[PDB]
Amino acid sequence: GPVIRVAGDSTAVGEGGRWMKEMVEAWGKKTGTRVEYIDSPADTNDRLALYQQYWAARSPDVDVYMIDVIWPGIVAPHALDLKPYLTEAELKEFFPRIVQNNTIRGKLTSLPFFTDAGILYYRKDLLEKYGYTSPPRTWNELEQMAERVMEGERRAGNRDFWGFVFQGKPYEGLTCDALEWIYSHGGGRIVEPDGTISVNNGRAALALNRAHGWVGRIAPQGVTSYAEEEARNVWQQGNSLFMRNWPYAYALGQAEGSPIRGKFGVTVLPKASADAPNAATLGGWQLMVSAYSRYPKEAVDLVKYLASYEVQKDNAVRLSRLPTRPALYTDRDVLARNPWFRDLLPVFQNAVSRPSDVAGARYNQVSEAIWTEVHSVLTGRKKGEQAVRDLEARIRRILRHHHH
């Protein structure tokens, strides 16, 4: 009978690829359906380029794709509309915000699978060791704490020790980190939901200059090449006071044999001042049935299974990845394993989106401009003031004649 083939999460990032292949295998066994799993590059933007090859070919060789929250506007032509396959009641079990994200010109491109938001990881043993009782609320405090702890730990002989790791590589992850920087300085959303390209302002410039100020000082020089896992590795080996990253890093840091098991917490990222907004970039992945699948009924069944309560529960318990079902945030087992889901839920719900809705199908071009201009500040090649002006100009060109 049919072979349902799934291009899912990458085995190069955390345990998501292995766990998803397992879930797909379980559905295959449960229903007596053959399945195959197709692996992917680590970085989202490289995965998009891979999958676009299949879509351009109208290839039947993948039935189900795991797609980024930033993609629906890009991928819609290649998605089977799921709206007819779900009742209103079923669809309301997901966060409406993510359903809406995934709905393009009325077409439900994909089911919400797990959400995501940027957060601050901090070593609580080290904060306590150096007389700090709370994680930093301001970027200035993060700097001051990082400098003092780094000076201490280096003096004690850990030459591998740094104050802060983050995603500074030129790729989509840096757009994520930069939106957080910019938004948390009161510099806006880069491109606002109404289409206004707002990034050329003094607050956004300062946010970028501040980030430059970290590189080779409180963060490694090599941070300009770090994606999620490079940052996680330094952090997880015990060599960073702080890390910006997504929720998945929590379960991995708690695993038996982690050098940092039991020594960290998470909180909202810091911000420039008390009146700035909290910044957490909205991420997360969705489940799309291919418009080119020869087996839409079966593929929809698998996608509904993957997006079910019990699979999302397993995702949350074992991989600390965020449900797209509000009911799971009151599940006793989810909360007992991840108590930080409770206090950060409103951070997750208030996560700031990248400009994928307003840029639509041109989002990837916009983001490439953002990360390349941000990266030029991190490297010390441009100041934030020039970079934001240049970025405005590039985004104006990219979005000229695009209306949302």
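In this text, residue numbers run from 1 along the sequence as written.
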Practice task
Determine, for stretches 115 to 123 and 136 to 144, which one has the higher mean CA B-factor as deposited.
Solution key: 136 to 144
Fill in the blank from the handout: Averaging the C-alpha temperature factors as deposited, the higher value of 151 to 159 versus 181 to 189 falls on 151 to 159
Practice task
Check the PDB entry and point out which of 128, 331, 230, 172 has the largest C-alpha temperature factor.
Solution key: 128
Practice task
Return the residue from 317, 91, 280, 199 that has the highest Cα B-factor in the entry.
Solution key: 91
Exercise for the section: Would you check the entry's CA temperature factor for residue 295 and let me know if it's in the chain's lowest, middle or highest third? Expected result: highest
Handout entry: Chain-wide C-alpha B factor ranking for residue 26, given as lowest, middle or highest third
Key = highest
Practice task
Divide the modelled residues of the chain into thirds by Cα B-factor and specify which third, lowest, middle or highest, holds residue 255.
Solution key: highest
Completion exercise
residue 348: CA temperature factor from the record, placed by chain third, in the middle
Problem - Third of chain Cα B-factors occupied by residue 355 - result: lowest
